[PDB]
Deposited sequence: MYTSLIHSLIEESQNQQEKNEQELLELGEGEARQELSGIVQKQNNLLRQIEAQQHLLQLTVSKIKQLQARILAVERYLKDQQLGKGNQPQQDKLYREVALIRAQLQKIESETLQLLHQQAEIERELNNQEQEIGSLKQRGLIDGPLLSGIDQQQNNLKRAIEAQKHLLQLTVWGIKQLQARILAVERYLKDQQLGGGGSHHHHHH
């Protein structure tokens, strides 16, 4: 669900906005500087979630498009060279590109979950402290729930992308073995 994730990202942007406005209306002596740190950290993390969603959707398009190329080759062989071996090699080339683009996804995912965990600990401590403004800390707590949910969906998306890549590798490998059998 691109749409559902984008509704959550959109909602996360409004919460970030509301949080920041609630922050600037505090007096200079309400730990307003301290709270400002975590609010900005939530903004940086939202940016990385946004960036991750863009690359995920691109990678997912390339996989779906490569799956259609492999299918076309499988049907071409059913309805039956040289131009065939160039197609197979080019499919392997595209696949290799997707593999390293998915390597950036895993890098960013790890850093994103690293930042989310350190924020959970910070906000965990803030929640025990009573003197901290109730409304703003509620919006900070709500935003953390938003970012965590987004990260959770993107994690499952990334795992399916790693999964489909291995499926394409096996499927293009089967096409290679069928072709070397015919050459015999």
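Residues of the deposited sequence that lack C-alpha coordinates fall in the stretches 1, 82-90, 195-205.
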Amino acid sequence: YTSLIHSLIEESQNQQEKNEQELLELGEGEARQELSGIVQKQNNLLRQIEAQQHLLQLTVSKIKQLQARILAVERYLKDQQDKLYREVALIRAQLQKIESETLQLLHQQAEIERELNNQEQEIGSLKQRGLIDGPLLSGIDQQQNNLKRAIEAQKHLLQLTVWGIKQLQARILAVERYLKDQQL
From here on, numbers count along this sequence of modelled residues.
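For the pair 158-166 and 15-23, the record assigns the higher mean C-alpha temperature factor to 15-23. Averaged over Cα atoms, the B-factor as recorded in the entry is higher for 124-132 than for the other of 143-151 and 124-132. Per the deposited record, 32 carries the highest C-alpha B-factor of all listed residues (32, 64, 41, 54). Sort the modelled residues of the chain by CA B factor and residue 4 lands in the middle third.
Remark: residue 115 belongs to the middle third of its chain, ranked by C-alpha B-factor as recorded.
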